[PDB]
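Tertiary structure, described
Read off the chains here:
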Amino acid sequence: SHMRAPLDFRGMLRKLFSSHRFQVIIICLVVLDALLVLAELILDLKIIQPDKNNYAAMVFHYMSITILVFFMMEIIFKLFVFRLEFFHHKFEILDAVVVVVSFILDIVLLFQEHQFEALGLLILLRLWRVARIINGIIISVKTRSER
């Protein structure tokens, strides 16, 4: 529903719990990621090499970009740091655009004429993405804290 729901209250509650459960967040994230990556590794090994580039890659990229952005906003929202005003800045919008080009390029290269290369776009995508997120909260927390 729109124009008929809270925004300041719900935000304080989620931010309150999340903030208080800082350890639970950092740990939950490290685990969720570590498990996801690891699992994908052991599962990918079974394939040995890319002998499809179509269905698997499709669900892989789609599910990847989805979980990536989804989880990104989920965490950033559940627990924010500063966030200049409500509007979005150049850095905020940049992330969106960057992901758009990367994602599109990935799929486009997947169903393109070459094979064995599209996956690369996904790897780098989550790489810089995830890394940026964590590295951001860590560098922001470490720089803010006494240290």
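Residues numbered from 1 in each chain as written, not as in the entry; some residues may be left out. Heavy atoms only, no water.

Looking at the entry header, you'll see solution NMR listed as the method.

1. With respect to the pattern of salt bridges
Inspection of the entire model under this criterion finds three salt bridges. In this structure, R126 and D33 form a salt bridge, with 3.7 Å as the shortest nitrogen-oxygen distance. With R126 in helix α5 (residues 118–144) and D33 in helix α2 (residues 22–45), this residue pair connects regions lying 93 residues apart in the sequence. Assessed through its relative accessible area of 28%, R126 is described here as partly exposed. Put simply, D95 and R129 hold a salt bridge, and the shortest N to O gap is 3.0 Å. Residue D95 is found in helix α4 (residues 90–110), and its partner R129 is found in helix α5; the two are separated by 34 residues along the sequence. Here the two residues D95 and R129 agree in accessibility, since each one is buried. Among the charged side chains, a network of salt bridges with common partners joins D95, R129 and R132. (Salt bridge = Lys/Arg side-chain N within 4 Å of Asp/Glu carboxyl O. Helix = DSSP H or I, 4+ residues; strand = E, 2+ residues; numbered from the N terminus. Buried < 20%, exposed > 50% of the residue type's maximum accessible area, 1.4 Å probe, protein only.)

2. Remarks on the packing of aromatic side chains
Taken as a whole and judged by the stated rule, the model has one aromatic pair. Seen in terms of ring centroids, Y62 and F103 are 5.5 Å apart; in terms of plane orientation they differ by 70°. Their pairing is edge-to-face. One end of the pair, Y62, is in helix α3 (residues 55–78); the other, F103, is in helix α4, and 41 residues separate them in sequence. (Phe/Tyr/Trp six-rings, centres within 6.5 Å; stacked < 30°, edge-to-face > 60°.)

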